[PDB]
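Engineer: Please see the structure below; I have some questions.
Protein chains in written order, with the working numbering: chain A, 215 to 395; chain B, 215 to 395; chain C, 7 to 189; chain D, 7 to 189.
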């Protein structure tokens, strides 16, 4: 039984404990792939899909050629482009298909998933392993909320790293944002 | 009282009678604006919005720099870009705003609307007048169905005209379609 | 080569052919199913998907419990619910999945497609066959000057809007007070 | 300059500041309103809009009649319904419209914003003030190394997920059988 604001603290504490189990060799590699790929696609189902979109948007703001798998105006992938798949289970059929198709086209696949031996993980060129396996990790939140929150924060850290690599600062960064609404 | 297939014929007959009141000077101009603008944005609310998206998609397939107002990855408009607004009423507040903002940025606005003296029509550089004013036009369909259907067919005719101008044929046209699903 | 208004005429010309081809017997079953199923789900990919959204919207307007497969707020399907899938080829991988999954849940699947023997057509309880088969082509019948599946998508829209009319007929529905009022 | 995992730590550091700032009294009213209103509508633009969708999805999962302003299938708001608007600046033109329209329909409007005197904040029945005012800046309190409204959007997500917990507490809800099963 507790205050709404106290629940915010409990989440932040789950996030802090959980995020502090993510490995950095893989992450810094993801930034490097984003920097060298001509197009970047993000992907996810459900709420993870929302976090993908949030990451693609910020990538576009920074001037990258970023897209989201499954949207009306998604362009074709070409050889060497990157696909970033956020999936807790690593078993979502649609996402398994996206990874396979990417690979068939000689795209590069990065997967952020709990289980690296999952269907999606086994297709990936790069795996960023997220916490939450049967080994470890506490959460009082609904089914996949912690993973989804972790996805967002991790995406937004990759944004910071990209900013650093590009010598960009928050106060003065030019953003390519929509201007018709 | 009638067969489902008979209702299809009645719709086609409303469409045929209705579409045969559209003026061609304005239309051919829209194609010409699409051909010369570096970016094209489409826009609409509700079902008209769906037709906008359907038109933007086909524009992208043909290699144009096409976007839809209000989507996650919509880029900024620049001077000289085109905004194509489909609105029956010409009074939707959000669309009035999009037109005004476009104009402030020195974009070009084309409006497909029933009432050229509407809020959206008065902002437009180009008006394609659609049938259905108090003067004319029969429809046994729900509120805005005929206008929405007419929008689709008109968009798809502009596609044909663009194909013609570009010396493209349906059987052999290269399309830039999504390839990850 | 041709006025834009002349292309409209051509497009109309092609849709008239498509309408005469459609078997009303299957079409009429569709509306019956919409009227009896507690939930209705529409689906498609790309433009066909846009036409599925347009239909679901009008079903909602009529007071049906209508949904679109794949959206954030889509609820679970329960036994006896209807899923309506528009697919030209009947081979789109996501939609094969949706059809097979619906069937496994004992949903009723209605497929609108060119190929009744396609992967999606074979899962369907009801098939609404649209024109454009390699057969109707080589044998003189079907011709489109439009790209890709444009004629099919157009036919979908028009067919779905015709189904709305049949529904309104069957009911007493104007009473479109089910329209959004926010934003 | 810093490891990606070090940036995660920094982001967390900023969210902790934002949580201590939030007045629980207003937060608690939000959940009360969610529990009493027959329909709940969420809204936002851009990323904030994504967080509004994430919240609406979880409300649906809990069996609430939840909707997202601006979607194809969004139903009309009726008197007494709740609209929850996330906006940093409280000046986004569409959202000003949504708030004023909701109020005119006698909906209840809850605004989550940095500026309670913003256009949206002035329409709100309930305001959940988030940090980041020019004041909290110049006076030492608020600092972000992240672009644009990233910290605010993150705070929104986390705040909405906290509200879910309070709702689950208040109820007996696991019983997330309200999850999509098609596709």
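The beta-carbon is built from N, C-alpha and C at its ideal position, and this holds for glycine as well.
Relative to the alpha-carbon of residue 129(C), which residue among 63(C), 137(C), 13(C), 119(C) has its alpha-carbon at the smallest distance?
Structural biologist: Position 123 of the third chain holds residue 129(C). With distances taken between Cα atoms, residue 129(C) lies closest to 119(C).
Engineer: The beta strand (DSSP E) with residue 73(C) in it runs from where to where?
Structural biologist: In the third chain, the residue the question calls residue 73(C) occupies position 67. First-last of the beta strand (DSSP E) with residue 73(C): 72 to 74.
Engineer: Between the segment 285 to 313 of chain B and chain D, which residues of the former have a C-beta closer than 8 Å to a C-beta of the latter?
Structural biologist: Listed by position along the chain: 286, 307, 308, 311.
Engineer: In the DSSP assignment, find the alpha helix (DSSP H) that holds residue 83(D) and state where it starts and stops.
Structural biologist: By 1-based counting over the fourth chain, the position of residue 83(D) is 77. No alpha helix (DSSP H) holds residue 83(D); DSSP gives it neither H nor E.
Engineer: So residue 150(C) is in the alpha helix (DSSP H); what residue range does that whole segment cover?
Structural biologist: Taking the first residue of the third chain as position 1, residue 150(C) is located at position 144. Where residue 150(C) is concerned, there is no enclosing alpha helix (DSSP H), given that its DSSP letter is neither H nor E.
Engineer: Please state the DSSP three-state secondary structure of residue 130(D).
Structural biologist: The residue labelled residue 130(D) in the question sits at position 124 within the fourth chain. Coil.
Engineer: Name, going along the chain, the residues of the segment 315 to 341 of chain A whose beta-carbon falls closer than 9 Å to a beta-carbon of chain B.
Structural biologist: Taking 9 Å as the Cβ-Cβ cut-off against chain B, the residues of the segment 315 to 341 of chain A that qualify are 315, 316, 319, 321.
Engineer: According to the Cβ coordinates, are residue 223(B) and residue 25(C) closer than 8 Å?
Structural biologist: Numbered from 1 along the second chain, position 9 holds the residue referred to as residue 223(B). Numbered from 1 along the third chain, position 19 holds the residue referred to as residue 25(C). Yes. Within cutoff.
Engineer: To which residues of the same chain is residue 335(B) closer than 7 Å at the C-beta, ignoring the five residues directly before and after it?
Structural biologist: Residue numbering aside, residue 335(B) sits at position 121 when the second chain is read from its first letter. Closer than 7 Å at the Cβ level, and outside the excluded window around residue 335(B), lie 304, 325, 327, 329, 341.
Engineer: Determine which residues share a DSSP beta bridge with residue 115(C) and list them.
Structural biologist: The residue you call residue 115(C) lines up with position 109 of the third chain. Residue 115(C) is bridged to 89(C).
Engineer: Take the Cβ of residue 216(B) as the centre, count every other Cβ of all protein chains shown within 10 Å, and call the residue buried at 16 or more, exposed below.
Structural biologist: Counted from its first residue, the second chain places residue 216(B) at position 2. It counts as exposed.
Engineer: Could you compute how far the alpha carbon of residue 159(C) sits from the alpha carbon of residue 241(A)?
Structural biologist: Translated into positions along the third chain, residue 159(C) becomes position 153. Translated into positions along the first chain, residue 241(A) becomes position 27. Taking the straight line joining both Cα atoms gives about 43 Å.
Engineer: For residue 100(C) and residue 308(A), which I take to be in contact (beta-carbon distance under 8 Å), what is that distance rounded to the nearest angstrom?
Structural biologist: For the purposes of this step, residue 100(C) is taken as the residue at position 94 of the third chain. For the purposes of this step, residue 308(A) is taken as the residue at position 94 of the first chain. Right, the Cβ-Cβ distance comes to about 6 Å (below 8 Å), so this counts as a contact.
Engineer: Using DSSP's beta-bridge definition, name the partner residues of residue 48(D).
Structural biologist: Reading the fourth chain from its first residue, position 42 is the one you call residue 48(D). Looking at the DSSP assignment, residue 48(D) forms a beta bridge with 74(D), 90(D).
Engineer: So residue 262(A) packs on residue 302(A), CB below 8 Å; how close in whole Å?
Structural biologist: By one-based count along the first chain, residue 262(A) stands at place 48. By one-based count along the first chain, residue 302(A) stands at place 88. Right, the Cβ-Cβ distance comes to about 7 Å (below 8 Å), so this counts as a contact.
Engineer: Determine which residues share a DSSP beta bridge with residue 343(A) and list them.
Structural biologist: Here the question's residue 343(A) lines up with position 129 in the first chain. Per DSSP, 327(A).
Engineer: Using the Cα positions of residue 379(A) and residue 237(A), report the straight-line distance between them to the nearest angstrom.
Structural biologist: The sequence position of residue 379(A) within the first chain is 165, counting from 1. The sequence position of residue 237(A) within the first chain is 23, counting from 1. Looking at the two C-alpha atoms, the distance is approximately 19 Å.
Engineer: Any Cβ of chain C within less than 8 Å of the Cβ of residue 47(D)?
Structural biologist: On the fourth chain, residue 47(D) is found 41 positions in, with the first residue counted as 1. True, the Cβ-Cβ gap to chain C drops below 8 Å.
Engineer: Which residues in chain B have a C-beta closer than 8 Å to the C-beta of residue 30(C)? List them in chain order.
Structural biologist: As a first step, residue 30(C) is located in the third chain; it is residue number 24 there, counting from the start. Those are 217, 218, 219, 220, listed as they occur along chain B.
Engineer: My assumption, with CB atoms under 8 Å, is that residue 266(B) sits in contact with residue 282(B). Please give the rounded CB distance.
Structural biologist: Here residue 266(B) refers to the residue found at position 52 when the second chain is read from its first residue. Here residue 282(B) refers to the residue found at position 68 when the second chain is read from its first residue. So it is a contact: roughly 6 Å between Cβ atoms.
Engineer: Under 8 Å, with one C-beta from each stretch per pair, do the segment 273 to 291 of chain B and the segment 251 to 262 of chain B reach the 3-pair mark?
Structural biologist: The segment 273 to 291 of chain B is in contact with the segment 251 to 262 of chain B.
Engineer: Can you grab the Cα-Cα spacing for the pair residue 300(B) / residue 19(D), in whole Å?
Structural biologist: If you number the second chain from 1, residue 300(B) lands on position 86. If you number the fourth chain from 1, residue 19(D) lands on position 13. One C-alpha to the other measures close to 47 Å.
Engineer: Here's a check: name, in chain order, each residue in its chain whose Cβ is nearer than 6 Å to the Cβ of residue 102(D), leaving out the five neighbours to either side.
Structural biologist: On the fourth chain, residue 102(D) is found 96 positions in, with the first residue counted as 1. Result list for residue 102(D): 125, 126, in chain order.
Engineer: Is the segment 352 to 368 of chain B in contact with the segment 289 to 299 of chain B, if contact means three or more CB pairs nearer than 8 Å?
Structural biologist: No: the two stretches stay apart, fewer than three of their Cβ pairs being nearer than 8 Å.
Engineer: Taking the alpha helix (DSSP H) that residue 221(B) falls in, what are its first and last residues?
Structural biologist: Position 7 of the second chain holds residue 221(B). Per DSSP, residue 221(B) belongs to the alpha helix (DSSP H) from 218 to 233.
Engineer: Would you please verify whether the beta carbon of residue 372(B) is less than 8 Å from any beta carbon of chain A?
Structural biologist: If you number the second chain from 1, residue 372(B) lands on position 158. Output row for residue 372(B): interface = no.
Engineer: Considering only the alpha carbon of each residue, which of 10(C), 21(C), 13(C) lies closest to residue 219(B)?
Structural biologist: Locating residue 219(B) in the second chain gives position 5, where the first residue counts as 1. It is 21(C).
Engineer: How many angstroms separate the CA atom of residue 172(D) from the CA atom of residue 153(C)?
Structural biologist: Here residue 172(D) refers to the residue found at position 166 of the fourth chain. Here residue 153(C) refers to the residue found at position 147 of the third chain. Between residue 172(D) and residue 153(C), the C-alpha separation is close to 53 Å.
Engineer: Would a check of beta-carbon distances place residue 16(C) closer than 8 Å to chain D?
Structural biologist: Within the third chain, numbered from 1, the residue matching residue 16(C) stands at position 10. Output row for residue 16(C): interface = no.
Engineer: Given that residue 39(C) touches chain D, what residues does it touch there, using C-beta distances under 9 Å?
Structural biologist: Residue numbering aside, residue 39(C) sits at position 33 when the third chain is read from its first letter. Those do not exist, as residue 39(C) stays about 17 Å from chain D at its closest Cβ, beyond 9 Å.
Engineer: How is residue 39(C) classed by DSSP in three states: helix, strand or coil?
Structural biologist: Position 33 of the third chain holds residue 39(C). Helix.
Engineer: Going by DSSP, what residue range makes up the alpha helix (DSSP H) through residue 179(C)?
Structural biologist: Here the question's residue 179(C) lines up with position 173 in the third chain. Run containing residue 179(C): none; DSSP gives neither H nor E here.
Engineer: Within 10 angstroms of the Cβ of residue 193(D), are there 16 or more other Cβ atoms? Answer buried if so, exposed if not.
Structural biologist: Outside the displayed range of chain D (7 to 189) lies residue 193(D), so it cannot be described from this structure.
Engineer: Using a beta-carbon distance below 8 Å, is residue 275(A) in contact with chain D?
Structural biologist: For the purposes of this step, residue 275(A) is taken as the residue at position 61 of the first chain. For residue 275(A), the answer is yes, since a Cβ of chain D falls inside 8 Å of its Cβ.
Engineer: Applying a beta-carbon distance threshold of less than 8 Å, which residues of chain D neighbour residue 187(C)?
Structural biologist: Locating residue 187(C) in the third chain gives position 181, where the first residue counts as 1. Within 8 Å Cβ-Cβ: 82, 83, 107, 111.
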